[PDB]
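Note that the numbering runs from 1 along the sequence shown for the chain. The analysis underlying the following values was restricted to heavy atoms, covering all of them including side chains, and did not include hydrogens, waters or symmetry mates.
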Amino acid sequence: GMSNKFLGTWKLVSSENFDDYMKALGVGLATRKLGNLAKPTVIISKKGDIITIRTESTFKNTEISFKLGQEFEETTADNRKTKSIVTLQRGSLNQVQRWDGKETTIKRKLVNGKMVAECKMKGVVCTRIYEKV
Ligand SMILES: CCCCCCCCCCCCCCCC(=O)O
Ligand SMILES: [Cl-]
C-alpha cells in the first residue's frame, strides 16, 4: 500500500510552471495571482484504508478522502467538481481528475525525503516540491 513515509505535514518549498498549469485548467487571472503567491501546507493521513489529503492555504483549503482505486467525488481548489481516482504505481500516488470531458493528473512521489507533485494538463507540466515539517 501507500508508504507510511507519505504520512504527515508537508510545506511547499518550490513551484515551477504553476501559472500555465492553472491557465490550462481555466483558472482566471485574479485567482492565478493568489494561487502563485500561495505556499500551502499539505497534510496526509490515514484511518484504516481511507487516505486523506488536506491542503491548507490562506486563499483556499481543500480535502479529499478516498480508498485506492475507487472513484470518488472531488471539489478542487478552483471549484471544479470532478470524479477522481487515486492509484499507486511504483510508489507514486497518482490522482486523476475528470470533469466536462477533460482530465488532469497529479502524481505525488517521494524523492530523497521530499514530496514532489507533478501536475499535468494538456501537455503542460507543473512541478511542486514539498518538505516534511
Ligand atoms: C491551494 C493551492 C493553490 C490555491 C489556488 C487555487 C486555484 C488553482 C489551484 C488548482 C490546482 C491545485 C493543484 C495543487 C497540486 C499540489 O498538491 O501541489
Ligand atoms: Cl498560503
Side-chain angles (χ1 to χ4, degrees):
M2 180 183 71
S3 167
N4 287 335
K5 296 179 180 183
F6 274 102
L7 300 175
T9 297
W10 298 93
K11 173 76 171 183
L12 183 72
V13 298
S14 176
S15 183
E16 177 262 319
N17 211 24
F18 194 48
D19 191 57
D20 283 345
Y21 176 71
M22 280 184 297
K23 285 162 89 156
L25 297 171
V27 176
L29 179 57
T31 304
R32 294 200 313 272
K33 286 179 186 173
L34 295 181
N36 292 315
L37 283 169
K39 286 164 177 41
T41 291
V42 170
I43 306 99
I44 302 181
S45 60
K46 189 181 185 182
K47 289 181 187 175
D49 64 352
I50 304 183
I51 299 167
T52 295
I53 299 179
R54 174 170 181 84
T55 306
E56 292 175 2
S57 69
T58 302
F59 183 33
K60 292 286 182 181
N61 302 317
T62 61
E63 189 178 292
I64 55 180
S65 288
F66 56 86
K67 297 181 189 174
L68 292 173
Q70 307 190 33
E71 185 172 74
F72 60 101
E73 298 288 325
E74 173 176 11
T75 302
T76 64
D78 55 318
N79 203 35
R80 280 169 294 126
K81 300 292 186 171
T82 69
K83 293 177 187 304
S84 308
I85 311 183
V86 178
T87 52
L88 190 68
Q89 280 180 272
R90 283 158 243 103
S92 186
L93 198 64
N94 298 346
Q95 179 185 15
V96 63
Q97 292 171 344
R98 297 186 177 96
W99 77 105
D100 294 341
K102 301 161 184 173
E103 182 184 298
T104 185
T105 56
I106 296 171
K107 299 177 177 179
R108 296 173 170 98
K109 68 181 176 190
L110 302 175
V111 186
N112 301 102
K114 302 284 168 44
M115 178 175 64
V116 179
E118 293 167 330
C119 308
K120 183 165 193 166
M121 173 69 174
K122 289 176 322 203
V124 175
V125 181
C126 162
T127 301
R128 287 153 75 76
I129 303 166
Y130 292 81
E131 291 189 10
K132 200 67 181 302
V133 322

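Residues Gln97 and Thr82 bring no donor and acceptor atom of their side chains to less than 3.5 Å of each other.
Environment of NZ in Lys33: sparse, with no more than 12 heavy atoms of neighbouring residues, nucleotides or ligands closer than 6.0 Å. The local environment of NZ in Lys11 is crowded, with over 12 non-hydrogen atoms from other residues, nucleotides or ligands closer than 6.0 Å.
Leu12 and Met22 fall into different hydrophobic clusters, defined by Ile, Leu, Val, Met, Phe, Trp and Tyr side-chain heavy atoms under 4.5 Å apart, directly or through other members. Note on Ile106 and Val27: same hydrophobic cluster, where clusters join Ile, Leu, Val, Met, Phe, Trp and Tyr whose side-chain heavy atoms are under 4.5 Å apart, directly or indirectly. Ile44 and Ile50 sit in two unconnected hydrophobic clusters of ILVMFWY residues. Membership requires side-chain heavy atoms under 4.5 Å apart, directly or through other members. Using a 4.5 Å cut-off between side-chain heavy atoms of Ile, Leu, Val, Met, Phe, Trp and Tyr, with links allowed through other members, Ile43 and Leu7 fall into different hydrophobic clusters.
At a threshold of 4.5 Å between non-hydrogen side-chain atoms, the residues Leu93 and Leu68 count as touching.
Between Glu118 and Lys120 no salt bridge is recorded (no basic side-chain N to carboxylate O distance below 4.0 Å). A salt bridge does not link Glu16 with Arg128: none of the charged nitrogens is closer than 4.0 Å to a carboxylate oxygen. At a threshold of 4.0 Å, the pair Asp100-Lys102 does not count as salt-bridged, since none of the basic side-chain nitrogens sits closer than that to a carboxylate oxygen.
Of the inter-residue distances, the one linking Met2 atom CE with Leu110 atom CG reads 9.5 Å to the nearest 0.5 angstrom. Here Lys46 contributes atom NZ and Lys67 contributes atom NZ; the two are 11.5 Å apart, rounded to the nearest 0.5 Å.
Pairing each heavy atom of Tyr130 with each of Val42, the nearest pair is CE2-CG2, 3.5 Å.
Residues meeting the side chain to side chain donor-acceptor pair (under 3.5 Å) test with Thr127, sequence neighbours left out: none. Applying the side chain to side chain donor-acceptor pair (under 3.5 Å) test to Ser65 and every residue at least two apart in sequence or in another chain returns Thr52. The side chain to side chain donor-acceptor pair (under 3.5 Å) test applied to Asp49 returns no partner, not counting sequence neighbours.
Taking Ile, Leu, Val, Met, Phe, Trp and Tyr as members and joining any whose side-chain heavy atoms lie under 4.5 Å apart, directly or through other members, the hydrophobic cluster of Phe59 also contains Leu34. With a 4.5 Å cut-off between side-chain heavy atoms of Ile, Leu, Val, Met, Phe, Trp and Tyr, the cluster of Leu29 takes in none.
Each of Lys81, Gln95, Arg98 was checked for a side chain to side chain donor-acceptor pair (under 3.5 Å) with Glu74, and the lone residue meeting it is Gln95.
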For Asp78 and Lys60, run side-chain contact (heavy atoms from CB on, under 4.5 Å): C-alpha distance rounded to whole Å, both residues' side-chain angles, the deciding distance at 0.1 Å, then the answer. CA-CA 8 Å; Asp78 55 318; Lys60 292 286 182 181; over 6 Å; no
Step by step, would you call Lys109 with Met115 a side-chain contact (heavy atoms from CB on, under 4.5 Å)? CA-CA 6 Å; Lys109 68 181 176 190; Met115 178 175 64; over 6 Å; no
Passes side-chain contact (heavy atoms from CB on, under 4.5 Å), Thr76 versus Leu25? Steps please. CA-CA 11 Å; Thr76 64; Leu25 297 171; over 6 Å; no
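Although no hydrogens or angles enter the test, the distance criterion places no donor-acceptor pair under 3.5 Å between the side chain of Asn94 and the main chain of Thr87.
The ring-ring contact (aromatic ring centres under 6.0 Å, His included) pairs that include a residue from residues 67-107 are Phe66-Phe72, where partners are two or more places apart or lie in different chains.
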